[PDB]
Structure formats: C-alpha cells, structure tokens
C-alpha cells in the first residue's frame, strides 16, 4: 500500500473518530487495533482498506459503511468484516459457517393480509455473483458488457411464466426508466453510497433489467450485485412469490456458475447481502402503529425486521407506506429468512388491529 492511500486512511479514520454522532457499524467496529492490524494489507487485485471503508468515511450517515471490492477482501480484512458481519446478521461467530442453500416447505408459507387492508405488495429477492468476475470496484468497462451478455443470453432461454425481454439501460428512454423506477421495478440511479464505493464506473454500460411482461419476475443486471433475481406482485401472496423466485433461481443456477463461499454462502458486494442474499418484503400500511416511525422501527427490530421508505432504502415513507423486510440474511436458511419476514408481518398486523 502506497503512502497516499495510507494518508487518506489515517485521515478517514480520524474523520470517523470526529463524528460524535455517527452510528454506522464502520465507526462502531473500526478500532485502532482493527485498523493498524489491516490498513497495510492489500489483495491480489490491489484492493485496499480505503477501497473498503471509503463509502463509510464520505457517507458518515451510512448504517454499515463498508463493501468488499472482491471475495478476497472478505478474509484479508476479516478483522473488520468479521465483527461487522456478526453485528448486522444478529450473531455469526468466527467459527460459524453458513448452512447449505435450503428453500424449505414452500407449502408452509401463508397469505400475509387476507382482507387486504394493509399490505400493498409483496417482494422477495436474492443476489448472485458470476464466478470469475470480481465485484464492481475491480471491474472494467469491457467486463460489464461481458457479464451483461452472459446473463441476458441465459435469461433468453427462460420459458413459461419466466419468459421475457432484456432491456439494456444503455439507450433506454428517460421516460421508460423513470417509470420502471417509479413502479418499484428498476433499481434507482446514482446512489451516493454505491458511488463513493466505486460501484458505478462506466455507468450505465452493462447495466440493465430483464422481466416477464407481467413484470412479476425480474433480474437486475450490474447494479449493486452482478445479479438480483426478483419476484414481486401486488397483494400479500407470499407463497406464490417465493415459489416463483425459487423456480427462477434454481433454473438460473443450472445455467450460470455462481460464487459460493463455504463460510459466507453466496457471495455479494455488501456484507449485508451475504448468505441467502435474501430480502423478503412488503409495502405495508400501519396507520396506528406507524403513527411514529420510532416505535414502529422498535417493534420491527424485535422481530428482526427492517423498515425502509417506499422508494427503497435511504428514502422516506410516501403516504404511510413503508418497506418492512427481514434484516438478517446470513446464518439462517432461505426458509428461515422468508420466515422471519412472514412471522414479523403477521404479528405486526395483529398489533395494528389491537392499537387504539
């Protein structure tokens, strides 16, 4: 590691230390011991601690603050990643390994809000990384195009309910784009956290979205992760959604080689999406419970659930419509994941009905 980098590090580190009110895990876990113990390290791909904690430093309002420029970054900086992974995922010790992929008894999932007086839509998604391809930061424009090609081609062979068209971002009308985003279908553009993390170079080359006409099955190409296989729909039928997602992932897993770590499961760019890479969610209304986002989030936390704004993370709720999803992703099976979201949302419903 050269001096410059080391300078910005000592600098950044000092910055964090001076943010009396910063509540990101980065701050909470980057101690001087941890710092000095790795700051000099570098990976086979010259990825350095600056390339890991940078977004955290520049975006103090971060919750997590770090990223893995590449698989190696996960062990090379273990001293840091380790406690963070453990903190975020609700306990994942050093000796702890991640359980084998397991969808579970799809038939044990239920409709979340029968009367339909709270839940607007149910989304469930996963993330995958193409073997032989590092994460965003270490990518080359030529590589974004390569990955785009492999994915779209594979997806071209999707049949039945999963059959669809791949729409590159490059050449997409602002209108079409803005709409797809407004309908919660396509990823947002210009995320500050992803930018300072250097995960948007050569944008929008290689970026895109594949989806069945119904738009109930989609696949994000080259945003935060190489792939984001999604299944969503209006209503609260988790069963259908999950079942659809499963049919999708497995099918795709049979055609593309995905990165899977024995200790972290399927690997992702952000430490928060490792393991099952699963985030089950619903856009739900809870007038009485949400009378204050504080107590609402406090409730959510008791169920290992996370509260986001209507347009995604780092947004505000639009019309008392919040994004409640399962927080933890690593350290439990796919089934346990969708399960934490299902259980939490059923009780929250009950609690809402019992509120004055």
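Positions refer to the first chain, counted from 1.
- Per-stretch averaging of Cα B factors for 327 to 335 and 285 to 293 places 285 to 293 on top.
- When the C-alpha B-factors of 101 to 109 and 268 to 276 are averaged, 101 to 109 comes out higher.
- Sort the modelled residues of the chain by CA B factor and residue 314 lands in the middle third.
- Placement of the Cα temperature factor of residue 81 within the chain: middle third of the modelled residues, per the deposited record.
- In the PDB entry, residue 21 places in the highest third of its chain by CA B-factor.
- In this PDB entry, residue 306 carries a Cα temperature factor that places it within the lowest third of its chain's modelled residues.
- In the PDB entry, a CA B factor belonging to the lowest third of its chain's modelled residues is recorded for residue 343.
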